[PDB]
Amino acid sequence: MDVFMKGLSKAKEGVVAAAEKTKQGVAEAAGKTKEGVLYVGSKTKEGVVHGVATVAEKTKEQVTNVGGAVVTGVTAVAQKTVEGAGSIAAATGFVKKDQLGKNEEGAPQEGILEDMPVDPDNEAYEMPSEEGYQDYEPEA
């Protein structure tokens, strides 16, 4: 599924590039405007600061509520996905390969293989890596 991983990354890259482009365009327009300077906000700045402190306390309480909602979504999504996965496997009938009909076999043959068997097993007890080994002597 290397193609799926590549496609997933491609979409992520597009989203990042789009978000960055929009942010840059907005920042430029926000500073390009000279109306804000003429309008003046120094008086509102002090008012905004007091308002922000009040909002901050209100925001903190709301933030906690939002955090809980976010957790619920994560809990609800993970659980339903686990259940849906099981349902899919059940419908599939847990099959390694999808095939129809029976595999006909016949025409017996005999012969030998020039290439000896790989034999993954080393037929050796071998020592455990837990004991380890010494790379230095006590002398020095």
# chains A, B, ... in the order shown; residues from 1 in each chain; ligands from 1
$ select_by_dssp --residues "range 76-140 of chain A" --states "alpha helix (DSSP H)" --output "PDB file with N, CA and C atoms, in the first residue's frame"
ATOM      1  N   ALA A  76     -15.341   8.262  20.925  1.00  0.00           N
ATOM      2  CA  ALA A  76     -16.442   7.768  20.101  1.00  0.00           C
ATOM      3  C   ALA A  76     -15.924   7.258  18.754  1.00  0.00           C
ATOM      4  N   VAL A  77     -14.973   7.953  18.134  1.00  0.00           N
ATOM      5  CA  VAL A  77     -14.459   7.531  16.827  1.00  0.00           C
ATOM      6  C   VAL A  77     -13.684   6.215  16.895  1.00  0.00           C
ATOM      7  N   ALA A  78     -12.789   6.104  17.881  1.00  0.00           N
ATOM      8  CA  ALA A  78     -11.963   4.902  18.043  1.00  0.00           C
ATOM      9  C   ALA A  78     -12.805   3.651  18.311  1.00  0.00           C
ATOM     10  N   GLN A  79     -13.821   3.798  19.137  1.00  0.00           N
ATOM     11  CA  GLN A  79     -14.668   2.653  19.491  1.00  0.00           C
ATOM     12  C   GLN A  79     -15.507   2.176  18.315  1.00  0.00           C
ATOM     13  N   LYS A  80     -16.089   3.102  17.558  1.00  0.00           N
ATOM     14  CA  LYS A  80     -16.910   2.723  16.435  1.00  0.00           C
ATOM     15  C   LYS A  80     -16.075   2.109  15.309  1.00  0.00           C
ATOM     16  N   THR A  81     -14.868   2.613  15.170  1.00  0.00           N
ATOM     17  CA  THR A  81     -13.961   2.095  14.129  1.00  0.00           C
ATOM     18  C   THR A  81     -13.545   0.643  14.462  1.00  0.00           C
ATOM     19  N   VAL A  82     -13.358   0.375  15.758  1.00  0.00           N
ATOM     20  CA  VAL A  82     -12.977  -0.984  16.192  1.00  0.00           C
ATOM     21  C   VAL A  82     -14.151  -1.937  15.925  1.00  0.00           C
ATOM     22  N   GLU A  83     -15.352  -1.479  16.216  1.00  0.00           N
ATOM     23  CA  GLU A  83     -16.548  -2.318  16.004  1.00  0.00           C
ATOM     24  C   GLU A  83     -16.818  -2.525  14.507  1.00  0.00           C
ATOM     25  N   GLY A  84     -16.641  -1.469  13.724  1.00  0.00           N
ATOM     26  CA  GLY A  84     -16.860  -1.564  12.287  1.00  0.00           C
ATOM     27  C   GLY A  84     -15.854  -2.528  11.649  1.00  0.00           C
ATOM     28  N   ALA A  85     -14.627  -2.519  12.165  1.00  0.00           N
ATOM     29  CA  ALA A  85     -13.584  -3.394  11.648  1.00  0.00           C
ATOM     30  C   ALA A  85     -13.969  -4.856  11.844  1.00  0.00           C
ATOM     31  N   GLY A  86     -14.493  -5.169  13.027  1.00  0.00           N
ATOM     32  CA  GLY A  86     -14.908  -6.534  13.332  1.00  0.00           C
ATOM     33  C   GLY A  86     -16.056  -6.970  12.432  1.00  0.00           C
ATOM     34  N   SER A  87     -16.986  -6.053  12.178  1.00  0.00           N
ATOM     35  CA  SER A  87     -18.137  -6.363  11.335  1.00  0.00           C
ATOM     36  C   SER A  87     -17.694  -6.668   9.905  1.00  0.00           C
ATOM     37  N   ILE A  88     -16.718  -5.913   9.414  1.00  0.00           N
ATOM     38  CA  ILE A  88     -16.215  -6.126   8.059  1.00  0.00           C
ATOM     39  C   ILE A  88     -15.567  -7.500   7.943  1.00  0.00           C
ATOM     40  N   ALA A  89     -14.773  -7.862   8.945  1.00  0.00           N
ATOM     41  CA  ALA A  89     -14.099  -9.154   8.942  1.00  0.00           C
ATOM     42  C   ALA A  89     -15.117 -10.289   8.988  1.00  0.00           C
ATOM     43  N   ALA A  90     -16.172 -10.102   9.777  1.00  0.00           N
ATOM     44  CA  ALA A  90     -17.207 -11.120   9.896  1.00  0.00           C
ATOM     45  C   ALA A  90     -17.901 -11.339   8.556  1.00  0.00           C
ATOM     46  N   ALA A  91     -18.233 -10.245   7.878  1.00  0.00           N
ATOM     47  CA  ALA A  91     -18.896 -10.334   6.583  1.00  0.00           C
ATOM     48  C   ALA A  91     -17.991 -11.016   5.564  1.00  0.00           C
ATOM     49  N   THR A  92     -16.700 -10.712   5.635  1.00  0.00           N
ATOM     50  CA  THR A  92     -15.732 -11.300   4.719  1.00  0.00           C
ATOM     51  C   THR A  92     -15.607 -12.801   4.962  1.00  0.00           C
TER      52      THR A  92
END
$ atom_distance --atom1 "CA of residue 94 in chain A" --atom2 "CA of residue 3 in chain A"
24.9 Å
$ atom_distance --atom1 "CA of residue 31 in chain A" --atom2 "CA of residue 44 in chain A"
18.4 Å
$ atom_distance --atom1 "CA of residue 17 in chain A" --atom2 "CA of residue 1 in chain A"
24.8 Å
$ decode --residues "range 43-59 of chain A" --atoms "N, CA and C atoms" --output "PDB file, in the first residue's frame"
ATOM      1  N   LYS A  43      -7.032  54.025  22.053  1.00  0.00           N
ATOM      2  CA  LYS A  43      -8.036  54.109  23.111  1.00  0.00           C
ATOM      3  C   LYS A  43      -8.701  52.755  23.312  1.00  0.00           C
ATOM      4  N   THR A  44      -8.988  52.099  22.201  1.00  0.00           N
ATOM      5  CA  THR A  44      -9.622  50.787  22.242  1.00  0.00           C
ATOM      6  C   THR A  44      -8.625  49.744  22.758  1.00  0.00           C
ATOM      7  N   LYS A  45      -7.348  50.019  22.569  1.00  0.00           N
ATOM      8  CA  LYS A  45      -6.311  49.082  23.011  1.00  0.00           C
ATOM      9  C   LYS A  45      -6.394  48.855  24.521  1.00  0.00           C
ATOM     10  N   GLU A  46      -6.583  49.925  25.281  1.00  0.00           N
ATOM     11  CA  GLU A  46      -6.697  49.794  26.731  1.00  0.00           C
ATOM     12  C   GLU A  46      -8.011  49.084  27.074  1.00  0.00           C
ATOM     13  N   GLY A  47      -9.053  49.429  26.324  1.00  0.00           N
ATOM     14  CA  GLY A  47     -10.378  48.820  26.509  1.00  0.00           C
ATOM     15  C   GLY A  47     -10.322  47.331  26.146  1.00  0.00           C
ATOM     16  N   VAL A  48      -9.611  47.037  25.067  1.00  0.00           N
ATOM     17  CA  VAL A  48      -9.468  45.653  24.597  1.00  0.00           C
ATOM     18  C   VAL A  48      -8.715  44.804  25.620  1.00  0.00           C
ATOM     19  N   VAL A  49      -7.686  45.379  26.229  1.00  0.00           N
ATOM     20  CA  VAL A  49      -6.902  44.646  27.214  1.00  0.00           C
ATOM     21  C   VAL A  49      -7.779  44.236  28.392  1.00  0.00           C
ATOM     22  N   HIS A  50      -8.579  45.168  28.895  1.00  0.00           N
ATOM     23  CA  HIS A  50      -9.467  44.857  30.010  1.00  0.00           C
ATOM     24  C   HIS A  50     -10.481  43.801  29.575  1.00  0.00           C
ATOM     25  N   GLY A  51     -10.969  43.947  28.348  1.00  0.00           N
ATOM     26  CA  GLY A  51     -11.934  43.006  27.796  1.00  0.00           C
ATOM     27  C   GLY A  51     -11.311  41.621  27.642  1.00  0.00           C
ATOM     28  N   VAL A  52     -10.049  41.591  27.219  1.00  0.00           N
ATOM     29  CA  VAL A  52      -9.342  40.329  27.022  1.00  0.00           C
ATOM     30  C   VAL A  52      -9.179  39.576  28.343  1.00  0.00           C
ATOM     31  N   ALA A  53      -8.864  40.297  29.408  1.00  0.00           N
ATOM     32  CA  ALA A  53      -8.689  39.647  30.705  1.00  0.00           C
ATOM     33  C   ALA A  53      -9.990  38.978  31.133  1.00  0.00           C
ATOM     34  N   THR A  54     -11.097  39.689  30.942  1.00  0.00           N
ATOM     35  CA  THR A  54     -12.406  39.146  31.285  1.00  0.00           C
ATOM     36  C   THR A  54     -12.709  37.939  30.400  1.00  0.00           C
ATOM     37  N   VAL A  55     -12.437  38.091  29.110  1.00  0.00           N
ATOM     38  CA  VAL A  55     -12.671  37.019  28.153  1.00  0.00           C
ATOM     39  C   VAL A  55     -11.786  35.821  28.473  1.00  0.00           C
ATOM     40  N   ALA A  56     -10.531  36.099  28.800  1.00  0.00           N
ATOM     41  CA  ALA A  56      -9.580  35.043  29.119  1.00  0.00           C
ATOM     42  C   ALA A  56     -10.154  34.090  30.164  1.00  0.00           C
ATOM     43  N   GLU A  57     -10.734  34.645  31.227  1.00  0.00           N
ATOM     44  CA  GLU A  57     -11.308  33.810  32.276  1.00  0.00           C
ATOM     45  C   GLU A  57     -12.488  33.021  31.724  1.00  0.00           C
ATOM     46  N   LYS A  58     -13.300  33.682  30.907  1.00  0.00           N
ATOM     47  CA  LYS A  58     -14.450  33.028  30.295  1.00  0.00           C
ATOM     48  C   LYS A  58     -13.973  31.994  29.283  1.00  0.00           C
ATOM     49  N   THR A  59     -12.937  32.359  28.539  1.00  0.00           N
ATOM     50  CA  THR A  59     -12.368  31.474  27.531  1.00  0.00           C
ATOM     51  C   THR A  59     -11.825  30.204  28.176  1.00  0.00           C
TER      52      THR A  59
END
